[PDB]
Amino acid sequence: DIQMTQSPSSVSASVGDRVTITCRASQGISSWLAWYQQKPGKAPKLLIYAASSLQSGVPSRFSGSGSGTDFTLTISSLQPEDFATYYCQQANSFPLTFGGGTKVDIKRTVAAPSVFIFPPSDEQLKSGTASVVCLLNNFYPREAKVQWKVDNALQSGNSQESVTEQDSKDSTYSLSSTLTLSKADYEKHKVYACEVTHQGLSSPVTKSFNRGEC
Amino acid sequence: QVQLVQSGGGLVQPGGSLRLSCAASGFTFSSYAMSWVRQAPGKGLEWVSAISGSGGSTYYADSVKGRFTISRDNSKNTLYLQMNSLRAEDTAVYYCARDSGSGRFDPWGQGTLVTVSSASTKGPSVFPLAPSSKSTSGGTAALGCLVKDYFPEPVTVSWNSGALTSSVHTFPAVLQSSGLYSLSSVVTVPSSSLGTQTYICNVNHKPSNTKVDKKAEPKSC
């Protein structure tokens, strides 16, 4: 199968910036590569076909180059509507394959997250499940690492994360992480902590509560 | 104007079948090849199948060969996809697309969501996400509501009957191992307000006719 590797996975740039996206084919695909723009919740829109030919109606700031195995998309001057995820697609042989996508971000200054932790309610504790929630509020860039520890033991496989779309006013993200347990397990441990790693933090931030004092 | 209008998506039981339609208008459908492409939650695009303008040649991705069936009715100008033996991983938005020459796709349909899941409509339980009583006033306090165990979307959350709009984040729902959805809606407020002001999330789940007002008053921890 023709493997498509798109790089980078994410790019943060300011309005007006030049952005370059690469697409590498595992095998020779001559010039039969297309580029697409997908805004959130919308259908993909054709931007570029035959590696370098501009589709009608697409602004001239978009350009494609490359051949064989190596291809490049360039937005010479980023404009607010060009924030989207961009996909390359090969049309040389079946199966048709897409790259992994590149989400293009809006640049702002680095912002550290405010971190909060929420124990489960007593109501929940009557149903037999416990949800502990770690909230990351208003941060940039999106990359942050959240680790859950219950009495300093690393949890794995029992948490889920959700990230907001970018805020239209201040360009930050928020993250909700929900760790799910049985009631019995929640009553058998004391210290619950969410540990946060983020580019904007000089050291890990840990927020915790003691169950027996709640 | 070239238009693709999709229909037929929805909830299907595991092992079941569903038929998707893509009605084409504004161009000669019989002169163009067509494709189905799908998109899993939070994932990229994945190609499923293609058919030539006459219908004589069909092509399938390896993950789907033998299980789904692409067809077209050139007399009604509608493309189709009969989907059999469904699995949870086939849950996706499906797009129909025109091969406009050299493998470029123009136009795309709007997409239609197929959810392959074994579940009934359930109204959500709403639980407070409460800070503790020990918050330094002047700081920023977070509070919220955990909206747990519902199907289908959407739930709408407003705060204080629409009066509180600043600093609200309603997070995208996550699908649990149980097959039910969960999301959190949170708001940050000055910590000094926790003793004098009430914070109530208004949750509306229209498919199950569930309306819940839940207050995230805190607890002494």
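Residues numbered from 1 in each chain as written, not as in the entry; some residues may be left out. Chains lettered and ligands numbered in written order. Heavy atoms only, no water.

**Observations concerning the overall build of chain A**
From N to C terminus, chain A includes two helices and 19 strands. Taking 17 Å as the expected radius of gyration for a compact globule of 214 residues, we find that chain A reaches 22 Å, considerably beyond that expectation. Projected onto its principal axes, the C-alpha coordinates of chain A cover approximately 65 × 40 × 30 Å. For chain A, the proportion of its 214 residues judged to be buried stands at 46%. When the accessible surface of chain A is split by element, carbon and sulfur atoms take 45% of a total near 9900 Å². Of note, chain A has its 19 positive side-chain charges centred 1 Å away from the centre of its 18 negative side-chain charges. (Helix = DSSP H or I, 4+ residues; strand = E, 2+ residues; numbered from the N terminus. Rg over C-alpha atoms; globule rule 2.2 N^0.38 Å. Buried < 20%, exposed > 50% of the residue type's maximum accessible area, 1.4 Å probe, protein only. Areas by Shrake-Rupley, 256 points an atom, 1.4 Å probe, with all protein chains shown as cover. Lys, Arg positive; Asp, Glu negative; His and termini not counted. Charge placed at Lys NZ, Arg CZ, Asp CG, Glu CD.)

**Some thoughts on the sheet that holds strand β3 (residues 18-25) of chain B**
Residues and elements named next belong to chain B. Taken together, the four strands give an open sheet; going across it, the order is β1-β3-β8-β7, and neighbouring strands pair in antiparallel fashion. The sheet is open, and its two edges are formed by β1 (3-7) and β7 (68-73), each paired on a single side. Across this sheet, the average inter-strand angle for adjacent strands is 15 degrees, counted without regard to direction. Strand direction decides the pairing type here: β7 and strand β8 (residues 78-83), joined by six bridges, are antiparallel. The residue bridging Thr69 from the neighbouring strand is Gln82, located in β8. (Pairing = 2+ DSSP bridges. Axes fitted to C-alpha atoms, helices over the stretch in contact; angles between N-to-C directions.)

**Quick notes on the nonpolar core**
Counting residues in each nonpolar core, the largest one holds 39 residues, and the members touching the most others are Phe98(A), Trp36(B), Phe68(B), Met83(B), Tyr94(B) and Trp108(B). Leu33(A), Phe83(A), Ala84(A) and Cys88(A) belong to the second-largest nonpolar core, a separate cluster that totals 25 residues. (Core = buried A, V, L, I, M, F, W, Y, C linked by side-chain atoms within 4.5 Å.)

**Remarks on the interface of chain A and chain B**
The partner chain B presents 44 residues to the 39 residues of chain A that form the contact. Summing both sides of the interface, chain A and chain B together bury roughly 3500 Å²; the carbon and sulfur share of this comes to 63%. Counting across the interface, chain A meets chain B through one salt bridge. Among the ionic pairs, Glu123(A) bridges to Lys214(B), the shortest N-O distance being 2.8 Å. (Contact = heavy atoms within 4.5 Å. Buried area = accessible area lost by both parts, 1.4 Å probe. Salt bridge = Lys/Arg side-chain N within 4 Å of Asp/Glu carboxyl O.)

**Some thoughts on the sheet that holds strand β3 (residues 19-25) of chain A**
Residue and element names in this part refer to chain A. Reading across the sheet, the four strands line up as β1-β3-β8-β7 and stay open at both edges, with antiparallel pairing between neighbours. Every interior strand has two partners, whereas the edge strands, β1 (4-7) and β7 (62-67), have only one. Pairs of neighbouring strands in the sheet enclose a mean axial angle of 15 degrees, with direction left out of account. The sheet contact formed by β3 and strand β8 (residues 70-75) spans six bridges and is antiparallel. Bridge pairing in β8 links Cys23 to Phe71.

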